[PDB]
Structures are given as structure tokens and as C-alpha cells.
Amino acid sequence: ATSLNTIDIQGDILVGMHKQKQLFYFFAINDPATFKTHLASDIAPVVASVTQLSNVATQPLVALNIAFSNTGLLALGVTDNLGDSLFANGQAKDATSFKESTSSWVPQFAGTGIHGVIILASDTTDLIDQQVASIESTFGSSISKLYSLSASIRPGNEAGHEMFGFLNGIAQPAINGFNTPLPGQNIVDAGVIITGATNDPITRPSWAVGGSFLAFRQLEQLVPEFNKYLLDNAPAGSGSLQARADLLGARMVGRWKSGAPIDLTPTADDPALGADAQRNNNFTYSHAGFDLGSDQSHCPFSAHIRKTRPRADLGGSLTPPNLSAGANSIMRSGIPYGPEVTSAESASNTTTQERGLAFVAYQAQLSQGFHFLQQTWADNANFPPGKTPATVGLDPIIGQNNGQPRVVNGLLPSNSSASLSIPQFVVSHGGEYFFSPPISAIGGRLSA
């Protein structure tokens, strides 16, 4: 074990920027000697650390992080093996692992021309734009914007919710020795998330200790379509039609829109529970007097959060906290993008403008984190194992099968064997894998 030097870790990895507005600025490097001078003089000093973001008194006006793709490291003359084959090959080459094609991607992602991403976050877009203008002014032509994506916390009563309306960012792994765990939260070694930290089994280049791999995905959400699907398929029952539709949505996610976990409140929302971080994660999927292998009355086996953090489905403690599959944890720092749903789109139940989630996951091993969750769990009709019926189906939120409707089982409380064939509501437009270096490497090795 080694001490976690949070002064040297970029803040979005373990804290999140937590600003109203964010920009993902995807760049190429020209004239690398010039880029390097400015990386050291202009970027390194303003990169926000975990220590800095952990203190509410030291949030910067513009929170800035930076990460490099494999081709960006090579553009900087860094030929080292960072110890991650998925990172080295790039996300476009990994697309088929997720039963999608780069044919659907933003063209800039379907390749390896992108050398890095600057994440800028501030409470206004004006301040972000000023920082971009400063960067472009000082780097000059040594940096070139290839693509960018603007994102924002949603307005009003949807602040912190993603575009389908669900509170998001509730559940994260706790870093042992750094975070004070919340009830039900998994507790993991720092090296699950931070390269070269405690119990990261993969040897890293020395300069890379304190970094993390950033998996970025531009995930479009078909919000009018999702809403209409829930109404059209709402289970029979006592409430309004919309209340019954809401129940189906909650069964798909594993939480009500308020954040309340269905495992703890399976038939109705509990907004007070959803808001309470001391209670809203305090579950394992186990219930005394129920067979874990067949009981879907509390939460379907196919629910998004159950697919992505299986808890007792992969063994371990039946009482909280369940600590299973710690090595498959990811830190998420996603933020919604695009316009709110327009009046006409809602009325027609049809998407016209692109909106969704600018998905960001951090992990020390891409093969254990984002890639694993997507391929081995969400996209696997027989995961979790040991269930009856054994065919759980796909994750209804993110599960993919090469554009086909997804078979998703267990969603209907009245009959756990009932199956639904559900079109995608989330459409990948691609992304890239980056390495967010420790801050010391920015003006250090990467600028050398």
C-alpha cells in the first residue's frame, strides 16, 4: 500500500467538477514542442486537483482537467506501455465488443485523430469560452479543436437528473482511506480507480502513478420515445396511467426518478428516501424469506443498476454493505447534453434534436470497468448468473444487440417470466478512451 496523494490526482476523477456547465474540448496536437511548452506553462498550473475540489472554499471559477488518448501520448513522444490494451487500441476498435458499429459514431470519434480532451467546467458558458479563448491564444496553432460537446446540469427540479428524469450520480464506489463510506456503498482499494495506487495489480510507468483511464461516451437519449413506451406498456393497477408508467420506468432503472431504490420501496416512490444519501444506497438485493435466484418482486434482475453493480447477485454479504465485485467499480462523472425536450417533440412522441448523456467513467483497468459492465453484464442476456428464468435479458437502459430490439425479462411485477422487446432508448454516437495523468506528469513527463 502507498499513500493516496490527492494533491496530484485530477479532480474530476474522484470528486467531479460539480459545475452547472461543462465543455468537452477534443483536440489534436500540432507542433508538439510548442504544445509541450504551453502544456507546462498554461495548463498544468490550472488543472484542478482532488484536494482542491474536495474543499467547498476552493472550487475554482473554471475547473479544468485534461486527458490524452493513446495517439495523443504518441504525439507527445510518450511511447511507454501504460498497461491497458483497450486504451492503447482506442475505443473505435472496441466498438464491436458492445454490439454497436462505428458507422453510427460522430466521425471524429471513428478513428484515432483525437489526441486528448480538455474538460472545462464553470457555472457559466461565458467563463468556459474565455478559458478556451485563452488556451487557443497561448497555444496558438499547436492545439486544434477537432470536436466539442457542451453539457449542462438540467434546470429546476431536474437538477442532477439525467435526460430521462432520474436522479443520477447517487452511487459511486468509496475509496478506502479517502472516502467515508455511506450505508450500502461499496468500498474499494484506490487502485481500482487510480493507476498505481493501492492494490492496482498492473505495473505502470512511474510518471503515470496517480492517473486514471477516462471512458467517454456520447450517449443520445430518445426521451419522448421512452416516455411513450412507458405509458404504452404501463402495468395494470390502481394509480393514474402515469403513475403506472412511472413504476415501469423505475423497474427498468432500479430507482424511482427521485433516487429512491426500488429494492427498498418496490411499489411506490419515496421521495424522502431518494434524497437521503444515508439511506438511498443501503441495500444488497437480498431479502430474507425470498430466493435471490428467482425473486424479482423487489427489483428485476435486468434493472440497470442491478446489471452494473450486481451486489449480492455476485455473492458477499446479504446485509449491507455488500462488497462484491469491487474490482468492477467505476467512478462516474457524466453530465447531460443537448436541449431540453421541446413542446413539439413531446407532443409527437418523437425526437428531433439530439440530447443525452455525456458519459464519463474512470477506472484503472478499462477491461474491468466500463468495458466489462457494458459487454459482460449489460449486454449479456444470461447475467446475472444463477437466476430462474436463467435468461435475464438485456439492460433496458444501455443493453445493446446490434441495433435490434432488446429482450428484457422480469420487468413486470405481476409475472417475472413476462418478456418485453424494447427498442433502444439510448443510442451510442461513440467516444474515446483517454488517460487522465497525475498533475505532476502534465508539466513533467508529458511536457518533456
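One-based numbering along the sequence shown.
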Select between 62-70 and 41-49 the stretch whose C-alpha atoms have the higher average B-factor in the entry. 41-49
Mean Cα B-factor comparison, 209-217 or 100-108, giving the higher one as deposited: 100-108
Among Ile262, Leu82, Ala151, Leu127, where is the Cα temperature factor highest, going by the PDB entry? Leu127
Between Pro155, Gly116, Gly254, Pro336, which one tops the list for Cα B-factor in this entry? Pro155
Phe178, C-alpha B-factor rank within chain (lowest, middle or highest third): highest
Using the B-factors in the PDB entry, rank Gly403's C-alpha atom against the chain and give the third, lowest, middle or highest. highest
Going by the entry, which third of its chain does the Cα temperature factor of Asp276 land in? middle
Considering every modelled residue of the chain and its Cα B-factor in the PDB entry, is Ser238 in the lowest, middle or highest third? highest
Compared with the other modelled residues in the chain, in which third is the CA B-factor of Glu354? middle
